[PDB]
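Chains, contacts and geometry: an overview
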Amino acid sequence: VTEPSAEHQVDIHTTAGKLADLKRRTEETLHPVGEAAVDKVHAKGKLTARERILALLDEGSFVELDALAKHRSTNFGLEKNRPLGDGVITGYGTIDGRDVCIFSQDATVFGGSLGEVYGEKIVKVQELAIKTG
Amino acid sequence: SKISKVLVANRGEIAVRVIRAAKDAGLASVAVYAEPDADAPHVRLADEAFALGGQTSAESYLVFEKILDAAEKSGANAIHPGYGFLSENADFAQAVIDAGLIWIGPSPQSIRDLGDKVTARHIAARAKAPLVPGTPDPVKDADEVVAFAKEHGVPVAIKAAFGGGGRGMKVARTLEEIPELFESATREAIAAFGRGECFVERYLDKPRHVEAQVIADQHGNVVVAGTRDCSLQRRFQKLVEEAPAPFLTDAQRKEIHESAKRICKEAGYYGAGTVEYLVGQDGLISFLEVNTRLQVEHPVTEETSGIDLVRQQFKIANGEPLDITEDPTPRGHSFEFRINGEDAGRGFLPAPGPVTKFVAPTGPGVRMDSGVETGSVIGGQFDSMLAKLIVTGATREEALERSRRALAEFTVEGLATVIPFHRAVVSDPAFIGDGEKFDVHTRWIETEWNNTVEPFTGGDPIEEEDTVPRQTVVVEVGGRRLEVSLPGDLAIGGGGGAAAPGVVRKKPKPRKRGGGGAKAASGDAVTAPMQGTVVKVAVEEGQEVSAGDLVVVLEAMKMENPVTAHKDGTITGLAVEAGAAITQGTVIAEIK
Amino acid sequence: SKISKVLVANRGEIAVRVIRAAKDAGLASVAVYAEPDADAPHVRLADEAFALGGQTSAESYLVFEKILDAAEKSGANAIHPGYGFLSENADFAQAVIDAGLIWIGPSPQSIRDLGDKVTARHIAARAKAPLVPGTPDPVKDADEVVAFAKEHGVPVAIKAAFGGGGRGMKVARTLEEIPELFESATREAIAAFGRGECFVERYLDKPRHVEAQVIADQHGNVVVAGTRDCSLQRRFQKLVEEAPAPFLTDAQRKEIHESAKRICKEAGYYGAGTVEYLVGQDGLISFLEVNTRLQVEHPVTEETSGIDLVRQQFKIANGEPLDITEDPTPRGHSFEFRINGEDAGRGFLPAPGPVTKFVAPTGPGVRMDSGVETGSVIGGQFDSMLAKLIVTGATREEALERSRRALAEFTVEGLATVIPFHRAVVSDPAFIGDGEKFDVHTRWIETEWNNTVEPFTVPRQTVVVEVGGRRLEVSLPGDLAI
Amino acid sequence: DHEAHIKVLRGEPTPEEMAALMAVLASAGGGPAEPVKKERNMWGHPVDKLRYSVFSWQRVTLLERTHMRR
Ligand SMILES: CCC(=O)SCCNC(=O)CCNC(=O)[C@H](O)C(C)(C)COP(=O)(O)OP(=O)(O)OC[C@H]1O[C@@H](n2cnc3c(N)ncnc32)[C@H](O)[C@@H]1OP(=O)(O)O
Ligand SMILES: Nc1ncnc2c1ncn2[C@@H]1O[C@H](COP(=O)(O)OP(=O)(O)OP(=O)(O)O)[C@@H](O)[C@H]1O
Ligand SMILES: Nc1ncnc2c1ncn2[C@@H]1O[C@H](COP(=O)(O)OP(=O)(O)OP(=O)(O)O)[C@@H](O)[C@H]1O
Ligand SMILES: *C(=O)CCCC[C@@H]1SC[C@@H]2NC(=O)N[C@@H]21
Ligand SMILES: [Mg+2]
Ligand SMILES: [Mg+2]
């Protein structure tokens, strides 16, 4: 069988297919709750959490950690909604050539409220910063 | 029926060309792409795109069922095969016709007859074309070859009856080489093409390659759109072409034109096709082949004659009679250069890589038909061609001057190409000529050209000084614009601050594993030297082999590379099978 | 007495074209760039590049002293002005000749005579060229124009005897308009052309603008490279052009190929140039102008006739007789589209901005002459033309089909362009003639065309040095770290 | 001969422009030409002002390391 370009996904059982899968997931992390929420933020006149990090740090210096994290709660039907990153963007970078560790909370994910994986990511960057000085 | 939607069953610059022709004619276009081509220009250019799947041609473009399924799903009522792949597959043509789609090409019977060399020889003889002396029928033994050599004088060329791609011919200089050459030719033909039949003819010493472009309709009309000279060849495949054929007497020119028409009419040929001849140093013409596909060279004839050959081919497929009644008069002179992803300084050996930059020339007399753009990646599975640069002028001298300009402008980065060779040849006196003749021939590049091109190295730092960072600045000194590069540790005058408390500069080591002296330091594994496809496996597990014995044959860039045993021992743990794609460093087998 | 090194005293597309011509001919090329053009393609393409300074044309490209100093410093022995700027400035041509350089173009006398449209009309009369009725001398006052209107019949056209750009035209429809129109014409001619002389003639309603490219020798030989049509215009300036001129009768192609030769020979013209005519609905050809420089639309003539007009200019300046002995026969049809940085959805208004993406089409019958590339920034200091797309084919219909393809492929982002207008017009039936005539004219775009285009949405450091007997300026980036 | 040289990638200056350019560049160059070895002075180093737990591994990896780096 042949497929139209829209529906085709490279065979996941190949290295190229696995790279394509990683690209798809990375692209999804850009708008974890849909492009409508990003548009709402911009219309409100604010920057997204990612835009804030990219604006603060030097260009091309951001390395993100736990980008694909998801929450593991099952209470009150939370399991039906598991946005990537769980509402906080964490990583490290440079400001004026000097290394820093950074986190930025995302108000579009559960109102920006802190969950377990959220807090775990923040703890990870805090430990990294203390460790690296 | 009339073409309404064309499926281009090809890839690259030819796919782009046919898609553009369909757009010009107002027809819908459907492209089919393998997984490596998911982002090629043609996939985006075509009105529709379909994913054949598979990582190699044997499972992507050479599958009749996949191409026909794409046609069925897209609703395309015509199929155009480009060139290569299935363009000369009579079985595929008949399959398309049976499926009930307009096959944009010659009939399957014409394909068969003109693809069978001996049948082609019969057709040419019946058409009274100029032929070189040779055996009318396949030779049965080296004894017959020896008798023919005695009769007609050495050298003598032995050619496979179904050979193509330049691999199907070998030469004997003396009567003693005939037996070994015969047996090896038969053994290689049975393997490369299935059929081991071969025949023998006279070999020309320094021949030119001249071909005629023929546009023939289904109503019996045939028109010779022009002649081309393709005397510059790496091994037996063209690199640079001209239109019209330079320095040919009117007698030779009219002989070619008439022989081409006669051959096509005797073969019943229709659609765009080409007739290839050879012209020896004596001036004698010798019919060589009939290509039943659209030549890659066609743009030079398009420029000189002012005809759209792809659209003519659409019309012929539609069944309309030719709207051209006489051979067009050439205007100007056009050169064509193939931009192959090969390193001229390394014996023209193709290698894959990314096109990190691609800036084509533009302006007077320049046409560029490319299948890649900046950001494209050349894998190891398909042909090395990236684009074709056509430069047209009022005369041959004007075309050469414009070609020098255009090749100076043309820029590619990320992988090697043949631009340095084109730049050198367009100024070599042997190619310029004396105004009445020139010294180029089919073997000129590989045996007479003074190859001054150094191997491609990209931006890799090789020497100790290459490791120092640099900043490039624009400086105006008395108006003059200068582009000055400054090292990061320049101690000019009293300037200092060089290096750091413990910084040492040293010659970097190449990203290669040692050398031959440690080919396998207690290493039993046989590792693939390059990415490609295992097209042959010459051993089986438990087989004893000696150093130099062939283990596998990997096809990369449509060229075969043999991987041989590095040590004496028993083949153990054979890990690959024919048709398996292989990455560099993969363990093929362990010799123990 | 032979060109060895050519300085191109221009910018952009024409600079690139002339530099390429010099490279083809084997000549060395010297480009000159103003401050905004430090990154222009011609700067990097030329063998040598010189900075003229200045932020605008009045400071950089229009200064005789700067251009001639660049030539002297570079050692260039010839100067090619392209088009615009000083290409038609007789004073600059005379200065170039006096400096001992080869002026690639017509003589200062020819330029001066044919730039005065009154003297141009006199030469046309002497050459017996077709002429639209009009005053043979500048009109003294609005009363004379009123008398002429009464004599011949409105509408009427008023034009400054000097200058150009298309804006010099004023139109009067009734006898009451003349006073104010003439007063405005006199004021504008004084203010923007430096000379208040104005003249009057009959106004054609819906004419077709037709030209004939002429290659004129220094030895008297004259050859008409071919006709051309530029009827599609806005603000009296061209946007799309064709070659050969379509749908002219043989009797019309003749008398044009001959009026051009007669007018050029009478004026003593040598070098490349063009003779612009007008063809009214009635079918009457009328002499309009003579451009004494290489014209923008030369590519279509080059494609159809096979002549390289810039190299022909080099050969004429060298003084060699023309190698072309008879008028070439066109081998096909060619369209030329100007890629101007203008928003067609906003009344063709200039829009300065960055060229974030510029993907030129390529393939059969497509040629591109561009002065920009991805990353270029377009300001208001200069004309808004970015490139020229030439599409050639065996017939007019094939050329139109190829144009529809090439325009679909051509992509530009970051600023507005007339690409949408080109895409629309190439498919508009008025421009796809029925087979023997077509409906466009010098005002079709603004008046009939259905405009459906949606609107688009550190200082350098300098050091002064003296080496021997010269004073030099070394300019460096402000943040040179060294 | 393995040292990084200044390169004029584009342009063909004459001796006068070359001399002017080199003079200006040499003048622009500066900084520490042939500096003396930077004098060690550990007096009042920040590491000595920190509170270390009596069993802190930083007493080895930060305090001793800083005092001994040489
Ligand atoms: C230490 C213990 C604590 O801190 S108890 C947590 C405090 N409770 C709060 O919600 C703080 C005050 N909250 C609010 O009233 C609003 O959410 C505030 C923060 C003012 C933001 O208002 P506004 O920007 O209009 O948003 P909204 O409330 O209309 O909708 C926000 C979406 O996110 C949700 N959300 C919000 N807060 C939480 C939370 N703490 N836990 C879980 N979900 C939360 C809202 O329900 C709403 O979700 P949805 O988009 O309607 O599906
Ligand atoms: N008799 C001959 N003497 C010298 N060279 C020859 C002779 N026959 C063939 N050649 C060389 O072979 C080249 C092409 O050979 P041939 O036509 O048999 O194969 P091909 O072009 O690869 O085939 P195809 O296009 O059908 O796959 C010619 O250009 C010429 O270089
Ligand atoms: N008599 C006329 N009737 C109608 N339109 C005219 C007439 N004379 C000139 N035009 C218009 O003027 C423009 C061309 O005039 P012309 O070239 O003489 O002017 P210009 O300002 O010097 O222009 P340029 O120097 O750019 O060619 C075209 O728009 C043409 O339609
Ligand atoms: C396959 O990927 C493309 C076909 C490339 C080989 C064909 S063979 C015949 C033509 N001659 C040539 O050099 N390339 C074409
Ligand atoms: Mg061949
Ligand atoms: Mg004009």
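In the PDB header, cryo-EM is given as the technique by which the entry was determined, and 2.80 Å as its resolution.

Labelled according to the PDB entry, chain B appears under the name Biotin-dependent acyl-coenzyme A carboxylase alpha3 subunit, originating from Mycolicibacterium smegmatis MC2 155. In the PDB, the entry goes by the title "Structure of the long chain acyl-CoA carboxylase complex from Mycobacterium smegmatis with ATP, bicarbonate, and propionyl-CoA". As recorded by UniProt, the Cofactor (unreviewed entry) comment attached to chain B reads in full: "biotin".

The name recorded for chain A in the PDB entry is Propionyl-CoA carboxylase beta chain, from Mycolicibacterium smegmatis MC2 155.

1. What about the overall build of chain A?
From N to C terminus, chain A includes four helices and four strands. Ordered by position from the N terminus, the helices and strands of chain A form the series β-α-α-α-β-β-β-α. Dimensions along the principal axes, computed over C-alpha positions, put chain A at roughly 55 × 40 × 30 Å. Residue pairs at least 24 apart in sequence account for 56% of intrachain contacts in chain A once pairs closer than 6 positions are excluded.

2. Quick look at the packing of aromatic side chains
Residues and elements named next belong to chain B. Their ring planes at 75° and their centres at 5.6 Å tell us that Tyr 61 and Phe 382 sit as a pair that is edge-to-face. Taken together, the positions of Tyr 61 in the loop between α3 (57-60) and α4 (64-74) and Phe 382 in the loop between β20 (377-378) and β21 (385-393) put the pair 321 residues apart, joining distant regions of the chain. An angle of 85° between the planes, with centres 5.9 Å apart, marks the rings of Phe 348 and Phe 421 as edge-to-face. In this pair, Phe 348 sits in the loop between β15 (342-343) and β16 (349-350) while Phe 421 sits in helix α14 (residues 419-425), placing the two residues 73 residues apart along the sequence.

3. Quick word on the interface of chain B and chain A
Of the residues lining the interface, eight residues belong to chain B; the matching set on chain A comes to five residues. Partitioning the side of chain B that touches chain A into residue classes produces six nonpolar, no polar and two charged. Where strand β1 (residues 3-4) of chain A lies against strand β3 (residues 48-51) of chain B, two bridges are found, and the strand directions are antiparallel. When the sheet's bridge partners are listed, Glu 3 of chain A is paired in β3 of chain B with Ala 51 of chain B.

4. Digging into the environment of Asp 47 of chain C
In this fold, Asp 47 of chain C is placed in the loop between α2 (41-45) and β3 (48-51). Apart from residues lying up to four places away in sequence, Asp 47 of chain C is in contact with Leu 27, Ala 28 and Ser 29 of chain C.

5. What about the interface of chain C and chain B?
Listed per partner, the contact involves 44 residues of chain C and 37 residues of chain B. Listing elements by their share of the side of chain C that touches chain B, those giving two or more residues are α1 (12-25), α2, β3, α11 (298-305), β19 (366-370), α13 (396-409) and β24 (470-476) of chain C. Of the residues contributing to the side of chain C that touches chain B, the split by class is 18 nonpolar, six polar and 20 charged. When strand β23 (residues 470-477) of chain B meets β24 of chain C, the two strands line up antiparallel, connected through two bridges. Bridging from a neighbouring strand, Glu 476 of chain B pairs with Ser 475 of chain C of β24 of chain C.

6. Things to note about the sheet that holds strand β19 (residues 366-370) of chain B
What holds strands together in a sheet is hydrogen bonding between their backbones, with the strands either parallel or antiparallel. Residue and element names in this part refer to chain B. Pairing within the open sheet is antiparallel, and its eight strands lie in the order β13-β12-β9-β10-β11-β14-β21-β19. Each of the sheet's edge strands pairs with one partner strand only, and the pair in question is β13 (285-291) and β19. For this sheet, the mean inter-axis angle between neighbouring strands, taken without regard to orientation, is 25°. Direction of pairing for strand β14 (residues 333-340) relative to β21: antiparallel, over a ladder of eight bridges. Among the inter-strand pairings, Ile 339 is bridged to a residue of β21, identified as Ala 387. Strand contacts of helix α11 (residues 298-305): β9 (208-216), β10 (222-233), β11 (238-243), β14, β19 and β21, with the helix running at about 155° to β14, the strand carrying the most contacts. Contacting β9 and β12 (271-279), helix α12 (residues 309-318) crosses the sheet at an angle of about 45° to β9.

Calculation criteria
- Residues numbered from 1 in each chain as written, not as in the entry; some residues may be left out.
- Chains lettered and ligands numbered in written order.
- Part of a larger assembly, values for the part shown.
- Heavy atoms only, no water.
- Residues with missing side-chain atoms left out of burial classes, pairs and counts.
- UniProt positions renumbered as here; feature names shortened; annotations may be inferred.
- Helix = DSSP H or I, 4+ residues; strand = E, 2+ residues; numbered from the N terminus.
- Contact = heavy atoms within 4.5 Å.
- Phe/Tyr/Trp six-rings, centres within 6.5 Å; stacked < 30°, edge-to-face > 60°.
- Nonpolar A, V, L, I, M, F, W, Y, C, P; charged D, E, K, R; others polar.
- Pairing = 2+ DSSP bridges.
- Axes fitted to C-alpha atoms, helices over the stretch in contact; angles between N-to-C directions.

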